[PDB]
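Below: one structure, written as C-alpha cells.
2 protein chains.
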Amino acid sequence: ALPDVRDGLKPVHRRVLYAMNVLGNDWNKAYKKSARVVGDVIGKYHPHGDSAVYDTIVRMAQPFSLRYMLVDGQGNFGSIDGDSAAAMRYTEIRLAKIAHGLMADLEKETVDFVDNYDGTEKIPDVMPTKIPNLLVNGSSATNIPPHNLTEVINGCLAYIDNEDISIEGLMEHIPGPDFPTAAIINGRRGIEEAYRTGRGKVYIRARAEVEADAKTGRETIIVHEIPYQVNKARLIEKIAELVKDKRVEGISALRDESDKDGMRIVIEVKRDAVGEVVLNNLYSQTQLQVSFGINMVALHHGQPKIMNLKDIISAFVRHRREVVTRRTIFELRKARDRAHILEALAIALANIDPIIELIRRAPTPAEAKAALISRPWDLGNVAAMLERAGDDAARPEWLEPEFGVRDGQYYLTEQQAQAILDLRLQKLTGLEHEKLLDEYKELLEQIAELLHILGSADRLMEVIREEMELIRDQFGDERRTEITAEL
Amino acid sequence: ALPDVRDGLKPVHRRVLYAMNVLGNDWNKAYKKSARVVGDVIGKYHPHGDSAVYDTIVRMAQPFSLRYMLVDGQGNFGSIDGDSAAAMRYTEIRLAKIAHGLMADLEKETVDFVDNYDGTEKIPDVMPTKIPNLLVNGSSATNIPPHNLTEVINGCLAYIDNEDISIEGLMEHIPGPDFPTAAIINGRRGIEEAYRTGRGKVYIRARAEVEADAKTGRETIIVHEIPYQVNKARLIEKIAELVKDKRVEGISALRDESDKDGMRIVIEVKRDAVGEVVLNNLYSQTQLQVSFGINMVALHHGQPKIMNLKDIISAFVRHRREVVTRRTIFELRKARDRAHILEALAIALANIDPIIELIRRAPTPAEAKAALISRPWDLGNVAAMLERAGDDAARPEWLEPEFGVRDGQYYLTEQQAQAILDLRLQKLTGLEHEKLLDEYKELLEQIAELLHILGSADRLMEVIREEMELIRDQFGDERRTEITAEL
Numbered sequence: 033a034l035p036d037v038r039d040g041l042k043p044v045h046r047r048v049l050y051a052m053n054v055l056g057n058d059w060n061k062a063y064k065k066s067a068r069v070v071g072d073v074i075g076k077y078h079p080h081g082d083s084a085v086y087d088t089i090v091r092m093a094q095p096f097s098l099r100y101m102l103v104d105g106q107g108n109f110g111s112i113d114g115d116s117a118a119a120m121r122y123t124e125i126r127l128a129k130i131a132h133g134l135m136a137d138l139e140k141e142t143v144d145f146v147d148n149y150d151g152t153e154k155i156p157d158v159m160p161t162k163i164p165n166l167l168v169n170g171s172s179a180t181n182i183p184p185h186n187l188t189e190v191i192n193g194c195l196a197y198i199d200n201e202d203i204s205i206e207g208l209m210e211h212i213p214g215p216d217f218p219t220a221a222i223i224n225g226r227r228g229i230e231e232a233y234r235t236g237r238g239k240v241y242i243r244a245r246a247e248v249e250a251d252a253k254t255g256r257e258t259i260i261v262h263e264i265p266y267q268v269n270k271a272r273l274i275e276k277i278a279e280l281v282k283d284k285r286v287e288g289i290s291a292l293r294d295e296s297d298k299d300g301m302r303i304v305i306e307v308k309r310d311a312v313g314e315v316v317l318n319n320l321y322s323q324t325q326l327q328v329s330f331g332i333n334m335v336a337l338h339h340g341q342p343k344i345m346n347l348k349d350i351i352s353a354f355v356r357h358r359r360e361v362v363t364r365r366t367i368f369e370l371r372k373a374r375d376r377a378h379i380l381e382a383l384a385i386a387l388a389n390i391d392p393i394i395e396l397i398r399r400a401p402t403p404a405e406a407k408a409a410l411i412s413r414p415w416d417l418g419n420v421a422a423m424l425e426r427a428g429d430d431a432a433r434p435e436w437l438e439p440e441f442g443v444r445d446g447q448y449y450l451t452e453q454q455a456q457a458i459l460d461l462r463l464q465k466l467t468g469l470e471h472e473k474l475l476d477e478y479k480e481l482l483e484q485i486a487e488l489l490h491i492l493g494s495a496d497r498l499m500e501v502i503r504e505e506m507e508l509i510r511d512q513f514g515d516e517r518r519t520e521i522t523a524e525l
Numbered sequence: 033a034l035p036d037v038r039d040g041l042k043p044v045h046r047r048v049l050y051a052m053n054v055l056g057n058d059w060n061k062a063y064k065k066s067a068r069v070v071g072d073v074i075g076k077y078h079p080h081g082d083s084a085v086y087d088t089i090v091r092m093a094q095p096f097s098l099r100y101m102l103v104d105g106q107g108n109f110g111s112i113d114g115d116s117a118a119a120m121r122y123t124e125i126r127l128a129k130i131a132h133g134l135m136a137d138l139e140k141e142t143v144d145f146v147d148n149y150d151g152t153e154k155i156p157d158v159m160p161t162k163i164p165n166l167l168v169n170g171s172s179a180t181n182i183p184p185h186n187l188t189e190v191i192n193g194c195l196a197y198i199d200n201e202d203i204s205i206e207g208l209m210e211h212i213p214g215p216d217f218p219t220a221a222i223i224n225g226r227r228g229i230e231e232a233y234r235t236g237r238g239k240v241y242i243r244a245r246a247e248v249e250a251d252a253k254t255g256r257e258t259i260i261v262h263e264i265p266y267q268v269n270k271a272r273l274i275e276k277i278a279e280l281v282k283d284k285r286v287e288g289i290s291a292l293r294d295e296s297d298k299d300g301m302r303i304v305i306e307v308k309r310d311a312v313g314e315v316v317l318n319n320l321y322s323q324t325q326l327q328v329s330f331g332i333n334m335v336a337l338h339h340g341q342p343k344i345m346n347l348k349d350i351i352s353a354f355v356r357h358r359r360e361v362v363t364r365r366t367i368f369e370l371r372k373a374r375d376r377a378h379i380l381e382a383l384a385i386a387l388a389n390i391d392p393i394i395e396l397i398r399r400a401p402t403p404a405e406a407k408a409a410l411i412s413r414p415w416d417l418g419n420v421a422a423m424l425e426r427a428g429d430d431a432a433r434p435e436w437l438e439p440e441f442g443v444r445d446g447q448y449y450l451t452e453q454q455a456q457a458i459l460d461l462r463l464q465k466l467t468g469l470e471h472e473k474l475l476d477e478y479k480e481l482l483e484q485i486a487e488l489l490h491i492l493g494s495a496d497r498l499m500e501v502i503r504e505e506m507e508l509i510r511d512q513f514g515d516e517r518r519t520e521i522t523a524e525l
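Taken in sequence, the protein lines are chains A and B. Under the entry's author numbering, the residues of the first sequence are numbered 33 to 172, 179 to 525, in order. Under the entry's author numbering, the residues of the second sequence are numbered 33 to 172, 179 to 525, in order.
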C-alpha cells in the first residue's frame, strides 16, 4: 500500500503495465479492449473477480488524475464531475509513450523478477524506469503531489553534477508542485518545509476572476480552474447549499457552463453586493481553496521511510546507476555470445570446400558435427580479423581456453559446429557473406564501449546524463500551476 | 442460449473449450489454474466480470452432471449434496481426453470461424466433433437427457447402413436415456413418444430395496442410486421434514452412510409398519421419483427446431460428411505443396555441385534466385521418382503447365528456388538425404488416397465408419440406467 521510491508504483500498477507490455499493447499500435488486459491480469497475476484491476487502469488514463498519463485511453473513462468509466468491454487502451520509458530495458536483466501466484509466470519487482515517476505523478499513509517533469529532470542533473547540493539548490530547479488541474499555490513557506523535512502544508486556490458587464455594471465570478482532487459537481452542489441556507450572501445565480473546450463555472453577483467580497467568502467556505498536507513516505528497499526532496532524487539516480550497469553486463554477454557464433561462420565460409566435403561424407548430421570439432581449421583470409594482436575481449567468459584461435588454427565447440550445420545456402552469396563479417566488426567496437562503461564511473554518469536530457526533450512540458509569492 | 445440434454446445461452452485448446491445456499436460483459463475467456471471448465462465467450467467437470465429462478437474468442484466448488484460484483443470475428439481437425479448415466481440480474434462457429455430444451429454427452452455413447454410435452406424431406418429400428440400438447417476426409468411409453415427436415425459425412480434382518425381523430400506439432478442432502432433509410433520409414517431412523464405495441411504422401518408401503409412500412424496420432460429443441441451420431422434442423428452424420470432405480438401492441397517443394530439393541435392557454385558467384540472394529459375536442371539419378508421379496429380492446382519436367529437364518456380536457398547444410548428409526421398513416396500414396475419398461417396462413408468405431472403442462404456416396463 506504499509505493516504491524508485519507480513510484505498487504491485497492482506493475501487473497492469507489465501485462500490457507482454501483450505488445504499444503506444504506436492499435488500441485493445480494456477487458483483454483485465483478463490477462486476472489469469496471471490477480486471480480474483474484483474490480481493482480496471479501477487501476482507469485512474492511469485520466488526465485530471495523472500529471503524465501512463495509459492512453479511448472512450468514457469518467470525469471531473465524478461520472464513472464505462464497463471494460466498452473502453480501449494502450500504453502511453512515457510508459515505455518506465519499462525501458526490462528484457536485459536490469531488475529482479518474482513468481506469480502459481509459479508459472514472472513479474518485475520494480521497473527499470528512466522517468522519475514518484515525484512527477505523485502518490495519494503518504501524500506526495505531482511535479513538472522538466523541472525534476533539471534537479536530477543538478544533483548528478554536485552530490553536495542543498535543498535550496534543488528548489532553484524545482520551485514546488505542478498539478494536472493547474490553479494556484498561495505561498512558498509550506513547500520549503516539505522539501526539507518531508512534511509541510500548502494552500491550493482556484483561478477565478470578477467580471463586470460594460453597460449594466453587473458583476460575475467566472471559475476557470479548481484545486487538485476536487469534484466540480459536488463543489457546485455545496455552493448552492450555502446560498439556500443563507450562509453565503450576494449570489443571484449559479451554473456550470463547462464543455470539452474548458471549465467555466458562472456565479452571478447581486447588485447590492461586491464580487470580491463574495469570492473571498467562497474561498473561506468551499473547496475553491483547500489545504494539501504533503507527507512524503515511500518504500526504500522494503522499509517505509519519510523522505525529503534530496533523498528522493538521490534514490532515483542510484536506481539509474544499478539499471545501466546491469544492462551493460547483459549486453556484453549477449554481444560475446553472438561474436563467438560469427567466428564459426566466418571460418566455415573461408574453408567452404572442405566443410561441404566433410558434411556430404557424413551419414548423419550428429557425426558431421563430431567430425567438425575433432579437427582444427585454417584461419585463411579471415586471420586478420581474429588475431588482432592477442585481443581476446570478444571471447565469452565461459569458453574454455582449449577452444577458439590457437596455434594459428581454430577449434570449434559443438554449438559452433551446430551453427555451421544450421547455415542456409543464401549465406554463400557475396553480400550476405560480407554482412556477417560487418556485424562482427561492429560487435568488437560495441564490446569495447561496454567495457569502458563498466570500468569508468565518469562514463557511466555520462550515459545517464544523456538519457536524462533525452527524456526532458521527449516528454517535458510547461508548468500549469502558478506559485505566488503572497498569502 | 440454444445448443447447436451438431456439437451439442452453446456459445459459452464453445468459447471455454476453444480457449483451453489455444492454451495447450491438454489431457496429457500439466494442470492449469482455473483462473488462468477464466481470464483468457473473459479477455478474448466473453468480456464480463462474471461467474458465468467459471460456472460453465465447473459443470463440465462434474461426473454427476455430465455423462462424459469434457473437463478434467483437480480439487473441490462440488458434490451431489449441492455444496459449492472452491474459488477459481484454488482449482485446476485441463481438457478431458474425449474433449480432444470434440475439437479434432480444427486446424484443417473444417468449420467456419466468426469474429469475437471486438473483431481481433477468430472463434469457431461449431466444433468439428467426432463425438455425438448433444445426445450423449444432453442439455437441460430445451431439455435433452444424456445417452450411452456405445448405443448412440451404434445408432449412427445403423443410419449409415440405411438412411430409411425407422424410429423403432433406431431404438433397437438406443433403448432410451442413460443418466450418469444411474437409477431406473419407469415405463417405455414416454421414451418412444419423445424419440418419435421430440416431446415426451419419463419418470426417473431411485434404486431402493427392502431388506429384513434374519435374527431380529427388522426391515431396512436401502437407497443405492437416486434420480438425475436430485440433491441428496435436500432429499434427506425433506424425508426428515415429512416424518416430523407426520405426513409419512413408519420411519424410526434416517442416516446417510455414503462413502467412497458408493451411495447408501438407510431408512429403518418401525416393526408396526410394512417396508414396501413406506417405500411406495416415499416415491410419491419425495424426489426418490421425479418426472423428466423431454423437449428436444436445438439450433439447426441457424433456426430453432423441435427434432426427433432420427433428425438429430441425421444432422450429426451430415456434419461428419462435411467435416471430412473439407478436411480431405485441406490435406490434399497441403500434400501437393509439400510434394512440389520436395521435388525441387531432390533435384538440387542431385546437382549439388553446380548449385553451390551458382550461389557462390551470385552477389545477392535475389540474383541467385533469378539464376536458378532461368536455367533448366538435369533429372539425374532422381528421374525414376518423378516419373512414378507420372500422373500430374501431385501437382498443385495453381501451377502453370510450363513448370516441371520438360524434355528431360526440370524448370523451377520462384518458391522452389527459395526452398533451395533456405536449405541448411545438414541436409547434405546421407540420412537426411534419404529421409526426404521416402517422404515423397509416402506423399504420393497419401495424395491418391485423398483423391479417392473425394471421388467416391462410398469411400467417404468408410472413413466416417472407422472414426465412429474408434470413438466407441476409446470412450464407450456400460449402461448405468435400467429401463423397465412400468409400475
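Even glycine gets a Cβ: it sits at the ideal position worked out from N, Cα and C.
Among the options, which one has its Cα closest to the Cα of residue i?
i	options	result
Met-506/B	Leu-474/B, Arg-359/B, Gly-40/B, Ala-384/B	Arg-359/B
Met-52/B	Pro-43/B, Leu-41/B, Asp-72/B	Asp-72/B
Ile-130/A	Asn-165/A, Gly-110/A, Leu-138/A	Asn-165/A
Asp-429/A	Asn-419/A, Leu-383/A, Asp-391/A, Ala-486/A	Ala-486/A
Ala-384/B	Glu-440/B, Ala-93/B, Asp-476/B	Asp-476/B
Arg-46/B	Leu-320/B, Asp-82/B, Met-92/B, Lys-61/B	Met-92/B
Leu-134/B	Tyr-122/B, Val-248/B, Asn-169/B	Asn-169/B
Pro-160/A	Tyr-266/A, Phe-109/A, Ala-136/A, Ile-198/A	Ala-136/A
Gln-106/B	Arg-517/B, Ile-112/B, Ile-125/B, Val-315/B	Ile-125/B
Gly-151/A	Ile-242/B, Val-143/B, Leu-98/B, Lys-64/B	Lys-64/B
Using DSSP bridges, identify the partner residues of residue i.
i	result
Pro-342/B	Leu-337/B
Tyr-448/A	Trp-415/A, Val-443/A
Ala-246/A	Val-261/A
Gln-327/B	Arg-243/B
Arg-503/A	BP columns for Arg-503/A are empty, so no partner.
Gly-238/A	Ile-332/A
When the distance is taken between beta carbons, is residue j closer than 8 Å to residue i?
i	j	result
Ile-212/A	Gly-193/A	yes
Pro-218/B	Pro-342/B	no
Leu-326/A	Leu-488/A	no
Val-70/B	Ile-74/A	yes
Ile-509/B	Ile-191/B	yes
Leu-167/B	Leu-102/B	no
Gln-454/B	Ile-379/B	yes
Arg-121/A	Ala-62/A	no
In angstroms with no decimal places, state the Cα-to-Cα distance between residue i and residue j.
i	j	result
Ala-278/A	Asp-349/A	45 Å
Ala-373/A	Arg-462/A	22 Å
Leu-317/A	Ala-232/A	29 Å
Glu-287/A	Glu-520/A	29 Å
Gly-114/A	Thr-123/A	17 Å
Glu-524/A	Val-240/A	12 Å
Given residue i, which residues of its chain have a CB within under 7 Å of its CB, disregarding the five upstream and five downstream residues?
i	result
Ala-128/A	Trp-59, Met-101, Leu-102, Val-103, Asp-104
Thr-366/A	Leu-488, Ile-491, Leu-492
Which same chain residues, not among the five before or five after residue i, have their C-beta less than 6 Å away from its C-beta?
i	result
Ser-204/B	none
Among residues of its own chain, excluding the 5 on either side of residue i, which ones have a beta-carbon nearer than 8 Å to its beta-carbon?
i	result
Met-345/A	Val-37, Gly-236, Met-334, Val-335, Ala-336, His-338, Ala-353
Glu-470/A	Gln-464
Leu-280/B	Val-286, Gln-323, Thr-324
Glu-452/A	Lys-407, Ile-411
Verify the contact flag: residue i, CB atom, against every heavy atom of the ligand NAP, threshold strictly below 7 Å.
i	result
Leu-320/B	As far as ligands go, the structure on display features none, and thus does not contain the ligand NAP.
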